Structures are given as structure tokens and as C-alpha cells.
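Colleague: Just dropping this structure here.
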Amino acid sequence: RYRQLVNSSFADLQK
Amino acid sequence: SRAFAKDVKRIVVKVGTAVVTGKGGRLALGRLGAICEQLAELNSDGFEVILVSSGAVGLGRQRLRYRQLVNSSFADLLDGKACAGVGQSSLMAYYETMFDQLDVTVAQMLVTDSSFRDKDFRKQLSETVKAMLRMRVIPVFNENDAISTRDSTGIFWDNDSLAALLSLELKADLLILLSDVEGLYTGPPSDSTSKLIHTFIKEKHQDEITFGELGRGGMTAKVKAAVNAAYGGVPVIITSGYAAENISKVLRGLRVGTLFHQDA
Amino acid sequence: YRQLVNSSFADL
Amino acid sequence: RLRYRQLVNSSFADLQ
Ligand SMILES: Nc1ncnc2c1ncn2[C@@H]1O[C@H](COP(=O)(O)OP(=O)(O)O)[C@@H](O)[C@H]1O
């Protein structure tokens with residue numbers, strides 16, 4: 001979790 | 001047969017969220033384009049078309065999504081009334097921008113549930129639509145989900161029942177509804193026990209066909225709207241929107257889709 | 001970092 | 001413009 005977002009491109013978070 | 005097809009003057013076409021919106025809640029620029037292209041071409045032939053749109057919910061939702069995400073913090077670890085506002089803005093934008101490519105002018109006329117109970121509002125709308133659809137102007141109707149609070153008229157008053165009633169009110173014919181399936185299958189399309197029907201007999205079919213299992217609209221409302229419009233005196237044809245050239249074949253004297261007429 | 005943790009893509 | 005385009009595809013770990 002934390003790590004996932006820690007290393008993600010915001011555009012991705014939109015996924 | 002399809003003898004009524006050759007002699008229609010005022011045609012109404014309705015597009016649901018199943019066709020206007022594609023994957024990722026993004027306007028299906030493809031289908032939405034091809035169909036509006038063909039509609040502009042058809043209007044350039046002198047016909048009088050009526051457009052009903054249903055994609056406010058989805059586009060709205062996506063846009064709000066983005067706007068929220070743009071302003072969020074670690075939250076990465078919506079009310080329709082707004083979704084619809086933004087969705088309508090966007091849909092109307094696309095329709096216009098796309099229709100300005102063929103010098104076809106469209107005016108957005110929006111109706112609400114608490115408006116069709118008035119005795120003279122129907123007459124006023126009839127006169128204004130008749131006046132507007134004379135200089136090759138295409139009007140666009142859609143349920144105004146923003147102001148909407150909720151029997152009114154039309155069950156669940158989705159765009160299907162709205163289109164059926166509106167075509168029943170204004171003297172017109174050939175109610176065309178665009179879905180993602182190539183007609184009214186007698187059953188679920190996935191199952192092999194499902195065959196397309198050329199026609200529709202009220203007493204033979206309605207009792208025994210069984211179906212059911214898309215924010216705007218919903219099946220089992222389409223059939224009721226079609227039957228209550230056809231028994232009112234307006235022919236109804238159902239055809240898929242995945243091939244926008246289908247409607248041109250409909251309006252030439254060729255048999256595709258399902259029928260709903262006063263005949264038996 | 002805690003700052004970045006607390007911001008908006010808009011913020012950046 | 002292009003800055004926005006990039007940020008969009010950037011990973012938090014790259015904004016440091
Ligand atoms: N009798 C049937 N024949 C074919 N398809 C059906 C039938 N009943 C339900 N469906 C499917 O159910 C779905 C419901 O969507 P529909 O209400 O038709 O469009 P929208 O949700 O845009 O109003 C349709 O996509 C359709 O394919």
C-alpha cells in the first residue's frame with residue numbers, strides 16, 4: 001500500500 | 001412490412017449511455033461521431049430529425065473524478081446532481097463542436113418532470129419545436145438530472161420513456177432508439193437460445209418473452225415505452241448503434257431490427 | 001517528504 | 001503544458 005503509492009505516477013492513481 | 005419507412009417526415013432518434021460513452025468514461029468520439037455525421041447528412045436531405053441524448057452521467061462522473069484527484073492528499077491510500085451538471089456541459093459541447101463541421105445548428109432544449117403536468121406547456125413546446133425544426137435546426141432533448149428531485153408521466157422517466165412520450169406528443173413517426181445490441185432478442189444474447197425477431201406481436205410475445213439481469217435508461221423500460229408509443233400511433237424500430245450506417249439502411253426500405261406498429 | 005506526502009498534484 | 005504532461009506521468013518518488 002504505502003509503497004505502492006510511494007512509487008506511482010498520479011495519472012496511474014487515477015487508474 | 002416496412003412500408004411506413006419511405007413516407008416519414010419527422011423522425012426521432014435517441015442515444016443512450018450505452019453508445020455515447022466508451023471505456024474509461026470517455027466520450028466514444030468514434031460512435032458518437034459516425035452517428036452525428038450520418039445524422040447531419042440525413043438532415044441535409046430535408047428530413048426533420050429529433051435527437052435525444054443520455055450521456056450526462058458518465059462523462060460527468062469521469063470529469064469529477066479527475067477534478068477530485070487533482071486536489072487530493074494521500075487520500076489515494078459522487079452526488080449525481082453535480083455529475084450531471086458537468087456531464088451535460090460536456091456532451092453539449094461535443095455535440096456542437098462536432099455539428100459545426102457541417103453547418104448544422106442545434107439548440108439544447110431540456111425538459112423536467114415538474115413541467116409536463118401543465119396544460120399549456122405541452123402546447124407551447126409543440127409550437128416552439130415545430131417552429132425551430134423548420135430552418136433545418138436539430139433540437140436535442142435530455143432529462144435534466146440537475147434540477148430533478150425524484151409519478152409524473154412515464155415509468156422511471158428514463159430517456160426511453162421520455163423519447164416515447166415526446167414522439168407521441170409531437171406529430172411524428174419512426175421512433176428510433178440506439179442500443180448496443182442489434183435488435184430485441186427474445187432472450188439473453190449470450191445464451192444460444194436467443195434469436196432476433198423481425199417483428200413484434202403484442203399478444204404473442206409480451207406475455208412469454210423473459211429477460212433482464214448503464215446509468216441512463218435500462219431495459220424492460222424500452223419495451224414498455226415502445227409499446228405505449230406504438231399503440232399511441234407512432235412506429236418504433238430498434239437498432240444497434242455500433243454501426244452508424246444502420247439507420248441509413250433503416251430509412252431506405254430495408255429490414256433490420258424489430259418493429260412496433262399498430263398492426264397485428 | 002512529509003510535505004510532499006501532504007500536497008495535491010495541483011500543489012506540485 | 002509539457003510540464004503538466006510530465007507531472008501527470010511522474011512518480012511520487014521522482015518529485016523529490
Ligand atoms: N431481450 C433482449 N435482447 C437483447 N438484449 C437485451 C435484452 N434484454 C436486455 N438486453 C441487454 O441489456 C442491456 C441494457 O441496456 P439498455 O437499457 O438496452 O441500454 P441503456 O442502458 O443505454 O438504456 C442492453 O445492452 C441489452 O444488450
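Just so it is clear, none of the values below were taken in a lab; they were calculated from the coordinates. Backbone-built Cβ (ideal geometry, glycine too); neighbour counts: all protein chains shown.
Colleague: Going by what's in this entry, would residue B:64 be described as surrounded by 15 or more Cβ atoms within 10 Å (Cβ to Cβ), at negative phi, part of a strand (DSSP E or B) and more than 16 Å from the ligand (Cβ to nearest atom)? Lay out the reasoning, then the answer.
Modeller: Values: surrounded by 15 or more Cβ atoms within 10 Å (Cβ to Cβ): yes; at negative phi: yes; part of a strand (DSSP E or B): no; more than 16 Å from the ligand (Cβ to nearest atom): yes.
In short, no.
Colleague: Separate question: Within segment B:147-164, how many residues are more than 16 Å from the ligand (Cβ to nearest atom) and among the aliphatic types (A, V, I, L, M)?
Modeller: Matching residues across segment B:147-164 total 1.
Colleague: A further question follows. Which is of a type in the set (A, V, I, L, M, F, W, C) and more than 14 Å from chain A (Cβ to nearest Cβ), of B:102, B:69?
Modeller: B:102
Colleague: How many residues are surrounded by 13 or more Cβ atoms within 10 Å (Cβ to Cβ) and either within 12 Å of the ligand (Cβ to nearest atom) or assigned to a loop (DSSP other than H, G, I, E, B) (or both) if we restrict to segment B:165-178?
Modeller: 4
Colleague: Name, by its number, the condition in (1) of a type in the set (A, V, I, L, M, F, W, C); (2) part of a loop (DSSP other than H, G, I, E, B); (3) in contact with a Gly (Cβ under 9 Å, 6 or more places away or on another chain); (4) within 9 Å of the ligand (Cβ to nearest atom) that does not hold for residue B:181.
Modeller: All conditions pass for residue B:181, except number (3).
Colleague: Next question, about the same structure. Go through (1) assigned to a helix (DSSP H, G or I); (2) more than 16 Å from the ligand (Cβ to nearest atom) and name the single condition residue B:45 misses.
Modeller: Among (1) assigned to a helix (DSSP H, G or I); (2) more than 16 Å from the ligand (Cβ to nearest atom), residue B:45 violates only (1).
Colleague: Restrict the check to segment B:13-26 and report whether at least one residue is within 13 Å of residue B:243 (Cα to Cα) and surrounded by fewer than 20 Cβ atoms within 10 Å (Cβ to Cβ).
Modeller: Checked segment B:13-26: no residue is within 13 Å of residue B:243 (Cα to Cα) and surrounded by fewer than 20 Cβ atoms within 10 Å (Cβ to Cβ).
Colleague: Out of curiosity, is residue B:92 hydrophobic (A, V, I, L, M, F, W, C), part of a helix (DSSP H, G or I) and over 21 Å from residue B:243 (Cα atoms)?
Modeller: yes
Colleague: Would you pick out the residues in segment B:62-78 that are touching a helix residue (DSSP H, G or I) at 6+ places or on another chain (Cβ under 8 Å) and either of a type outside the set (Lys, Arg) or over 16 Å from residue B:89 (Cα atoms) (or both)?
Modeller: Selection gives B:62, B:64, B:66, B:69, B:73, B:74, B:76, B:77, B:78.
Colleague: Of the residues B:201, B:237, which single one is among the hydrophobic types (A, V, I, L, M, F, W, C), under 18 Å from the mean Cα position of the chain (by Cα) and more than 14 Å from the ligand (Cβ to nearest atom)?
Modeller: B:237
Colleague: Output the number of residues of segment B:97-119 satisfying the condition of being assigned to a strand (DSSP E or B) and among the hydrophobic types (A, V, I, L, M, F, W, C).
Modeller: Number of matching residues: 5.
Colleague: Still on this structure: What is the number of the single condition among (1) more than 14 Å from chain A (Cβ to nearest Cβ); (2) over 28 Å from residue B:235 (Cβ atoms); (3) of a type in the set (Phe, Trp, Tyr) that residue B:141 does not meet?
Modeller: Unmet for residue B:141, out of (1) more than 14 Å from chain A (Cβ to nearest Cβ); (2) over 28 Å from residue B:235 (Cβ atoms); (3) of a type in the set (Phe, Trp, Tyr): (2).
Colleague: A further question on this structure: Sort out which residues of chain A are hydroxyl-bearing (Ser, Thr, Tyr) and either facing chain D (nearest Cβ under 9 Å) or outside any helix (DSSP H, G or I) (or both), and write them in order of number.
Modeller: A:8, A:9, listed by residue number.
Colleague: Ok, one more. Quick one: would you say residue B:78 is more than 18 Å from the chain's Cα centre (by Cα), among the hydrophobic types (A, V, I, L, M, F, W, C) and closer than 16 Å to residue B:170 by Cβ?
Modeller: no
Colleague: Look at residue B:190 and say whether it is touching a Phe, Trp or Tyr at 6+ places or on another chain (Cβ under 9 Å) and within 10 Å of the ligand (Cβ to nearest atom).
Modeller: No, not satisfied.
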